[PDB]
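These protein sequence lines map, in sequence, to chains Z, Y and 0.
For what it's worth, PDB author numbering labels the leading residue of the first sequence as 6, then goes sequentially.
For what it's worth, PDB author numbering labels the leading residue of the second sequence as 6, then goes sequentially.
For what it's worth, PDB author numbering labels the leading residue of the third sequence as 6, then goes sequentially.
Every residue gets a Cβ at the ideal spot worked out from N, C-alpha and C, and that includes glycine.
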Amino acid sequence: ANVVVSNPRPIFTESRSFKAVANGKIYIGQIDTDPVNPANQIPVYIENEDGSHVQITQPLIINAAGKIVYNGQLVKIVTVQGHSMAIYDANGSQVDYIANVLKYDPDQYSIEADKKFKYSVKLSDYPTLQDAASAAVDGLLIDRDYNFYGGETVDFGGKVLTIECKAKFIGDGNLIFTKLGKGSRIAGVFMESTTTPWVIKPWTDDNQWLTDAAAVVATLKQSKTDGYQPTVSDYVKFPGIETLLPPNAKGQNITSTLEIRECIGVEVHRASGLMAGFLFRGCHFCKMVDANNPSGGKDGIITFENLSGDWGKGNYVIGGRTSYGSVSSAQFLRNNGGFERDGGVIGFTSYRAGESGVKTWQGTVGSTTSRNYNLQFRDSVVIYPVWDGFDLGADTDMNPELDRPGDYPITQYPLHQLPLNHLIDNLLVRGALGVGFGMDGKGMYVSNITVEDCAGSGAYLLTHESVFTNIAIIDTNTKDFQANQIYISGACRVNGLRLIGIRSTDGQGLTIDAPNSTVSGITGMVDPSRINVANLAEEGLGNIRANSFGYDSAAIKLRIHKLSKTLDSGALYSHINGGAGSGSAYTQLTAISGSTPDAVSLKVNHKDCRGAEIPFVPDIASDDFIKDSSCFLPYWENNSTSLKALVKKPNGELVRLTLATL
Amino acid sequence: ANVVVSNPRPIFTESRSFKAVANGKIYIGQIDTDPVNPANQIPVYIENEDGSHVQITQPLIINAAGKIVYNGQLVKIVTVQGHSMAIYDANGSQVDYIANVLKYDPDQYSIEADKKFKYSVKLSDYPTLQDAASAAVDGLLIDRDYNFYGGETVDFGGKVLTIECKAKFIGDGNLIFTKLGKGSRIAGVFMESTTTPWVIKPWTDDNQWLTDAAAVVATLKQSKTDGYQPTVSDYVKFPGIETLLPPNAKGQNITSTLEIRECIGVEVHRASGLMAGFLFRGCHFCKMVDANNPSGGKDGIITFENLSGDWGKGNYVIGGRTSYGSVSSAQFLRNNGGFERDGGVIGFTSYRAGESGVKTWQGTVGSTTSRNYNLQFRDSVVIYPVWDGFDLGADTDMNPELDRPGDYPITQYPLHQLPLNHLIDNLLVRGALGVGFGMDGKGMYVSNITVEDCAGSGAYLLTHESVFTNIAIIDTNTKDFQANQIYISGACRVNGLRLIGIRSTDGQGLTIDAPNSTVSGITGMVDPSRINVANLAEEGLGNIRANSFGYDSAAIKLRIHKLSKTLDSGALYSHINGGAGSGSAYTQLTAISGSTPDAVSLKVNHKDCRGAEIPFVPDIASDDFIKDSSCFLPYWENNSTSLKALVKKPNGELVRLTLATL
Amino acid sequence: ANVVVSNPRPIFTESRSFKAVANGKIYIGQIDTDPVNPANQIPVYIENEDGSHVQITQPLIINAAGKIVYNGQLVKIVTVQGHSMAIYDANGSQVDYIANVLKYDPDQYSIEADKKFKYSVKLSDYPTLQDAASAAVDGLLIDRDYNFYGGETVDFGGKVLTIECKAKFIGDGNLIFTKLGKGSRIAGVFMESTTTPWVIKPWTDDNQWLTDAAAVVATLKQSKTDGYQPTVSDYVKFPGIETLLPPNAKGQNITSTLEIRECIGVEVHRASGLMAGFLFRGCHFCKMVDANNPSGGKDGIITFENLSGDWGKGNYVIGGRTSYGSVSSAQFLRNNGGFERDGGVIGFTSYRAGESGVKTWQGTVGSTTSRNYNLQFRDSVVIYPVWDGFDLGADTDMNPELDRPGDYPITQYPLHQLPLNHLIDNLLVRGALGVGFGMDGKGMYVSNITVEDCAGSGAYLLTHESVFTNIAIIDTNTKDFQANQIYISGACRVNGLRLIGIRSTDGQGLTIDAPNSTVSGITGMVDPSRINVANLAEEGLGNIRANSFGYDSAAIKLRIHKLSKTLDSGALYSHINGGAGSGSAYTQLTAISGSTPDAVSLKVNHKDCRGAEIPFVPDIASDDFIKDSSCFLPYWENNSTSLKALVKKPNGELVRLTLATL
């Protein structure tokens with residue numbers, strides 16, 4: 006096509022007559038210079054049958070047939086590209102002084118065009134993608150939908166390519182890119198499944214989920230988007246949705262993925278597709294930049310697998326608008342950030358998600374540890390995940406089997422106590438039907454978080470001696486399913502926690518459940534009955550000022566929480582003494598009595614009385630009712646009608662006196 | 006010099022004598038092998054003048070002049086790749102054999118340049134932008150500055166072409182990229198305007214706003230930037246500007262718009278300019294990624310108008326940095342993001358927006374409605390707007406009622422009670438001369454807001470049954486014009502709210518005026534004389550410390566807002582029994598009296614007395630002052646000069662009983 | 006050794022025999038024509054060795070040997086357009102005739118290729134970067150490792166290029182790009198250093214920072230990553246390094262920054278490079294969106310040296326994940342961003358900053374100011390910076406000798422009083438070994454910060470008259486022995502502070518040390534004996550339920566921080582009676598005496614008696630002990646073995662009355 010079969014051994018003839026210069030001489034030197042000078046002489050190399058290139062002295066001979074002959078026979082001499090010439094015949098005359106042989110090409114426009122135009126092969130001109138890849142030198146360009154061959158391999162000779170995609174990759178397999186340089190920029194990638202699979206739509210037209218098998222089935226239709234494939238979790242939580250699905254629409258693996266195994270820093274930019282997916286394997290410093298709504302399929306839409314080989318330092322998901330799918334939206338296997346928290350999602354957003362919107366695989370795959378450490382999950386978002394929320398936790402394996410094959414053994418770090426030490430901040434969730442988080446770790450910290458309306462638990466934090474700051478769990482668990490709104494199974498210091506919102510628990514389930522954790526700054530109207538924290542204290546409030554709006558009194562009270570859940574304990578209300586629309590009020594220190602609240606009172610300035618209302622024991626009082634020296638207690642006796650008042654002697658003993666006499 | 010004359014038809018000769026092969030044979034085959042057995046053979050083609058390549062019977066023939074000959078006439082044979090040549094003479098002896106040879110044909114360079122080069126068209130060599138767009142295939146460049154006339158429609162077609170703009174589209178008219186292809190990109194546009202308009206600069210040279218109507222007129226300067234052209238709204242924000250403002254500055258329309266119609270998603274990266282506009286008429290999935298301070302003109306800087314046809318979803322303003330303009334920046338219009346919140350303002354920074362920061366339009370523009378639903382307004386900023394930092398309002402109108410045509414019958418949803426489902430987070434506002442925040446809707450879950458310094462009302466929320474959180478309203482109404490720093494008309498429920506910073510003011514009206522909401526957790530300082538909520542009760546918190554620094558006494562200070570909300574109801578507050586280190590401090594429980602606080606009180610440990618101090622009625626007590634049983638009311642008898650005790654017998658009848666005697 | 010030596014001069018031999026075409030003739034004509042016609046003959050030029058193209062007559066001649074000839078001398082005959090050779094022998098006969106020597110018309114095709122391809126010049130073709138820049142119109146590409154000399158000043162002539170870098174850009178010192186056009190898009194640059202310097206790393210394998218000189222010196226090694234070069238300031242963090250540091254590593258100044266001199270809007274893009282750094286000098290409206298872990302050298306990784314000339318508006322640092330360094334990672338020097346807060350930092354992510362993750366070079370350099378106003382720091386994060394975190398101070402710490410040379414006179418704004426109007430929201434730090442969030446200024450409104458674990462200080466604030474919000478300094482000062490967790494010297498106001506996390510304030514000093522601040526609702530488990538603010542008035546709180554979960558009582562431990570800010574000043578306990586669940590508890594109003602908490606208690610309902618146990622002075626009462634105009638004080642009289650009542654008449658005449666005679 007582009008190679009000529011021509012005279013392989015060159016012919017050098019005499020200029021003034023039609024004869025070859027026997028015992029002639031050829032010198033090769035620098036461009037536009039005398040080549041007779043030994044210094045100007047440039048290397049001139051043989052090419053024997055073994056591919057060697059051995060230098061030889063410059064005065065190359067020309068035999069009596071026009072070819073060039075070494076001390077033996079013909080040889081295929083070789084110089085670099087820019088070789089000058091100087092023919093000298095035996096006698097000493099000259100024949101030629103070709104200055105720059107490269108200027109003698111039959112078409113010397115290419116020598117200039119090649120140097121002032123950008124190189125980019127377009128796939129339309131080629132029959133196979135691999136053939137186009139084998140020709141690209143600067144950047145490929147796709148101008149035609151490619152029907153990829155169910156998992157074909159495409160090795161780009163380890164080049165650096167600024168691939169631009171302007172057409173789909175129709176197919177139902179896994180196009181695999183390999184051996185790309187440390188500059189690749191595959192962008193505009195679009196993968197569409199060649200097969201339209203059966204999908205389910207557990208939600209309805211009013212944002213309200215469905216946890217009923219019959220309704221899920223009735224919402225079973227055939228289309229590439231607006232749904233997802235049934236998966237293991239779907240018949241894990243939905244009650245018996247094995248028995249209501251035809252085999253053909255059950256356990257299929259329709260998907261289209263762009264696997265880029267074994268590459269470093271290929272920088273996948275804007276990506277899209279229907280039933281798409283992007284599975285990086287054995288990558289490092291390989292980030293995926295904002296992707297415009299890749300509707301997922303049966304595989305993780307963005308899976309940063311790094312099982313084999315070293316860990317996965319440097320895998321990012323910066324930006325994104327991922328949607329739908331039947332398995333986790335953004336996954337992470339192995340992928341140790343190794344200090345620097347180099348990796349993890351940033352600015353990500355995952356609608357639907359048939360699993361956690363940003364999940365860090367737990368347990369182990371094969372015999373390889375699949376947890377994720379020193380990562381960074383910050384400034385992200387997730388909305389309406391079905392089976393699991395922003396599941397950060399690693400080693401969340403409920404099933405205990407044995408030591409972890411590949412990382413710290415449970416003898417050193419017991420499960421749910423690994424020092425994976427993530428970095429978290431500015432998160433968000435909305436409408437999650439599973440659990441808002443799945444965190445589990447030891448000695449890590451989290452920052453501003455908010456879990457808005459949800460149909461499941463708002464937090465499942467199986468941590469140990471961690472710190473949670475400014476958490477917000479507003480109006481979560483509207484389905485009433487569980488009773489563990491925000492659950493913490495380990496010592497923790499939640500501060501600035503937000504709980505019940507516009508929706509009212511109305512005695513449903515329970516709110517915060519951290520019997521091993523201490524929480525402070527719990528703000529919001531939550532019925533205190535349903536709180537089970539080991540400790541709780543607002544140690545630091547200044548000189549407070551309680552206010553009451555719409556009420557006729559200010560309810561300042563204590564409500565010992567171990568004595569009785571619903572029942573209180575002590576209070577110092579300030580009810581209006583006697584209406585006095587703008588007159589005054591009375592203050593009373595009410596205390597709970599026989600299974601009743603606010604029985605006794607120390608009313609002060611009742612009904613504008615300007616005097617106290619001290620209580621007294623209605624009957625005889627024992628000797629054990631005083632525990633403090635120099636104290637005065639009134640107890641009444643009806644028979645004599647006089648008010649006795651037993652007084653603990655400051656000396657320490659006790660005497661009984663008569664205070665008021667009729 | 007473009008082509009150098011050179012003879013085709015290479016000549017083959019012998020190796021030891023100059024004679025030329027006669028009737029010989031040339032056999033081609035794979036590298037470094039015997040090229041005679043079809044096992045090692047490589048195809049060889051004929052490249053006639055027409056370019057029609059054709060195969061040949063393998064054994065090449067050479068006439069008596071050492072030239073490849075086919076069918077008598079000389080022919081140029083072209084192989085497919087590298088090959089080993091074995092030239093045998095008519096006798097059959099090997100004239101010469103070679104294993105490796107390569108000489109790419111110099112002909113057919115256009116065929117090798119149509120493929121390996123990046124197609125585009127520089128506008129410098131085309132008369133009309135439409136003519137340049139017609140010839141473009143997969144790229145384009147604006148080298149020369151264009152001069153589009155008003156309404157110049159440009160036809161690109163399905164061409165998915167990257168318009169990398171390196172020049173500016175000067176013109177006070179509108180440029181339309183009609184029916185441009187899907188997946189395109191536009192970068193670096195620096196749109197401008199031929200006519201410099203008369204602008205105003207309502208902010209003084211140092212800072213802050215000139216609320217005076219006669220102050221702006223001085224700023225009238227006729228500069229292309231540093232001002233927003235006069236607008237209808239300017240005639241109601243500044244009272245009395247109708248008169249002084251000259252007619253030349255009235256009714257200006259100087260703006261330049263890159264109107265786009267009928268596209269299914271085109272990025273507009275780095276869309277710079279001044280006096281610019283970027284309307285997206287009837288467009289879907291188009292996102293104005295990034296920007297560079299386009300000092301917008303009179304029309305909205307980024308207006309995703311869609312009321313022509315379908316609802317429109319996927320329109321983003323992801324990223325960017327906008328400034329100036331007369332009408333709101335980044336205004337949406339009839340975009341229902343769907344369930345997945347596909348349209349939003351994720352990331353933004355607007356400066357001195359003429360009307361509003363992100364105003365989502367309200368009511369109905371023309372017959373078709375002009376509202377929005379299911380959009381995400383996530384992390385962003387709005388600096389020194391004029392009217393609204395974020396007018397995410399829907400069916401507001403304020404005055405107009407009737408019925409919204411095209412959204413929802415007023416019967417199904419009354420005024421301001423629209424289900425919008427906007428998700429909001431990480432907002433910010435500063436120096437908003439008007440309302441710094443405001444919307445309406447039945448059910449919205451707001452999150453972190455952190456408004457700050459403002460010269461106007463902090464917020465004007467008009468929702469109904471919605472929950473807010475981490476709302477930080479700091480130092481608003483710096484000019485005191487409005488009587489409310491926040492006004493939540495509906496029965497909302499705030500969940501943590503900051504109010505004052507340093508601009509504390511006793512000249513402002515009620516800072517918060519939500520008459521039916523239910524706030525919780527008002528942390529910042531505030532004059533409680535200002536709150537007007539329906540129920541201020543944050544229930545749930547631990548043991549309190551009630552600290553007081555550098556101040557004599559520390560207090561709890563209960564206050565009933567039914568009673569002289571300016572005066573406290575009086576409560577428990579310990580004082581000092583001497584200089585520091587005394588170790589004694591008397592807890593002084595109080596209770597308000599007629600329009601005077603702490604007139605009636607009960608003390609304990611008065612300056613180290615180690616004893617209580619019980620108040621008594623100075624005059625005679627009455628039954629009205631008592632009601633609870635088993636309690637006595639010490640009242641003084643001035644006549645007999647002794648402490649009587651009005652005792653309420655447990656039996657239910659009070660018997661006036663003497664207590665003390667002299 | 007790539008090409009095969011070959012005779013370039015064309016030798017012509019007749020077709021049907023092996024003879025040269027003696028004294029023949031060549032006609033060069035138009036494409037696809039018969040050149041014998043005198044009209045079908047294009048101009049034909051000689052090319053000399055020197056390169057002096059000259060025209061000659063058409064009917065070319067051939068000497069006796071076949072080579073072309075002109076005046077008894079050989080020549081190379083070239084044309085400006087594709088031709089159609091026609092060779093005729095001396096006798097007269099068409100020995101051969103090529104319709105198309107090249108099969109295209111380069112002259113005509115040159116126009117089409119010029120106007121249908123994307124211009125660019127790969128550096129491989131050019132020797133010097135300056136030469137490539139001169140011979141480029143746009144889309145310049147770097148494809149070979151251009152090892153620039155210590156210095157390289159490149160003048161681009163004002164062209165608006167699109168420079169790109171697919172290969173390393175090695176060198177040393179500081180290369181200089183100059184005269185870039187308004188809109189360049191330098192992307193993918195990758196710098197390095199030709200010298201591997203001796204580096205240190207004060208962090209062990211567990212990130213437990215090092216401070217002893219011996220350890221840090223022991224870890225001194227030679228490499229480009231994993232460490233930083235010592236700086237003069239490094240002699241302060243670790244005392245004694247001046248003596249123990251070997252001379253070789255004592256002050257090595259190595260870096261590979263590219264100095265973009267005077268330029269406008271050269272948006273740099275993804276950048277990397279070991280020991281690389283970058284900086285802009287005298288440059289406006291430029292940004293460095295994104296980055297890929299550029300390890301720094303002796304100079305700030307992203308500096309903005311815009312000191313000479315006018316202030317540097319618009320110098321953003323959007324995005325990026327810089328790492329390491331020895332003097333800074335985002336330092337700015339002189340940038341007044343106007344009222345639009347233009348030219349700040351957004352979406353950054355530092356690491357192991359040698360001095361600060363973000364800096365503003367407070368003080369003065371040369372005879373010029375080095376402060377910077379009206380910037381914009383948001384959505385950033387700096388992890389484990391050594392000397393400081395978000396160092397944002399503008400005024401010098403203690404340099405009153407100068408008066409802000411070229412800046413607001415100290416008289417106009419005293420030390421640490423410059424109105425900077427910075428915009429700081431949504432930040433974070435972690436692991437800082439210095440100060441987390443240092444600051445200086447007046448009248449500024451920082452908010453929403455989440456400082457995290459950091460051995461050192463949580464924040465050193467010198468603001469005066471500033472408002473804060475949502476600040477969260479948690480578990481800071483890990484290494485202990487530091488002055489304060491947070492220090493706010495000024496009349497500031499703070500809102501929403503989080504303090505202590507899961508670490509114990511045992512060996513630390515005052516956690517909050519703002520002697521003249523007015524902090525609001527301080528939340529979290531902080532020891533109220535470690536706070537030293539001037540107020541905590543949080544007035545605005547609602548009804549509250551101070552419920553305790555673990556302990557056996559619920560307390561309102563009212564405190565006075567003037568008597569003693571350690572023990573207490575009176576409580577409102579409510580302990581349970583007869584164990585939990587019995588529905589019995591007694592309220593205990595109390596006070597302090599003898600420097601022992603709970604010395605006196607007026608407890609109600611002790612042991613479920615419905616009584617009113619009251620304390621009294623165990624001796625004669627004193628008129629001073631009573632101050633209320635109407636109140637009786639009980640006092641015991643062991644001599645009378647009875648209680649007496651110190652009674653004060655309403656007018657004020659003291660009276661004595663017995664209470665309980667026996």
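Alpha carbon to alpha carbon, how far is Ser277 (chain 0) from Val194 (chain 0)?
Each residue's alpha carbon lies about 6 Å from the other.
Quick one: does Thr474 (chain Y) have its CB under 8 Å from some CB of chain Z?
yes
Inter-stretch contact (C-beta, 8 Å, three-pair minimum) for the region 496–506 of chain 0 and the region 467–481 of chain 0
yes
Where do the ends of the beta strand (DSSP E) carrying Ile51 (chain Z) lie?
Where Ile51 (chain Z) is concerned, there is no enclosing beta strand (DSSP E), given that its DSSP letter is neither H nor E.
For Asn521 (chain Z) versus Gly555 (chain 0), is the C-beta spacing smaller than 8 Å?
no
Selection from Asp624 (chain Y), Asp633 (chain Y), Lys653 (chain Y), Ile73 (chain Y) that minimises the alpha carbon distance to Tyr640 (chain Y)
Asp624 (chain Y)
For a contact meaning CB atoms closer than 7 Å, what does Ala6 (chain Z) contact in chain Y?
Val83, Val85
Mind checking whether the beta-carbon of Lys562 (chain Z) lies closer than 7 Å to any heavy atom of the ligand MN?
The ligand MN is not part of this structure, which contains no ligands at all.
Across which residues does DSSP place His469 (chain Y) in a beta bridge pair?
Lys447 (chain Y)
Contact defined as beta carbons within less than 8 Å: I believe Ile597 (chain 0) pairs with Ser574 (chain 0). What is the distance between those atoms, to the nearest angstrom?
6 Å
Quick check on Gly301 (chain Y): does DSSP put it in helix, strand or coil?
Coil at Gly301 (chain Y), not helix or strand.
Note down, in chain order, every chain 0 residue with its Cβ under 8 Å from the Cβ of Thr523 (chain Z).
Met530
Name the two residues that bound the continuous alpha helix (DSSP H) containing residue 3 (chain 0).
Lying before the first or after the last residue shown, residue 3 (chain 0) is absent from chain 0, which here runs from 6 to 667.
Give the straight-line distance between the Cα atoms of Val142 (chain 0) and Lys164 (chain 0), rounded to the nearest whole angstrom.
7 Å
Counting Cβ pairs closer than 8 Å, one from the region 297–305 of chain Y and one from the region 323–331 of chain Y, do we hit at least three?
yes
Output needed in chain order: residues of the region 553–567 of chain Y with a Cβ under 9 Å from some Cβ in chain Z.
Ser553, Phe554, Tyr556, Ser558, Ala559, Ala560, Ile561, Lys562, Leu563, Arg564, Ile565, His566, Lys567
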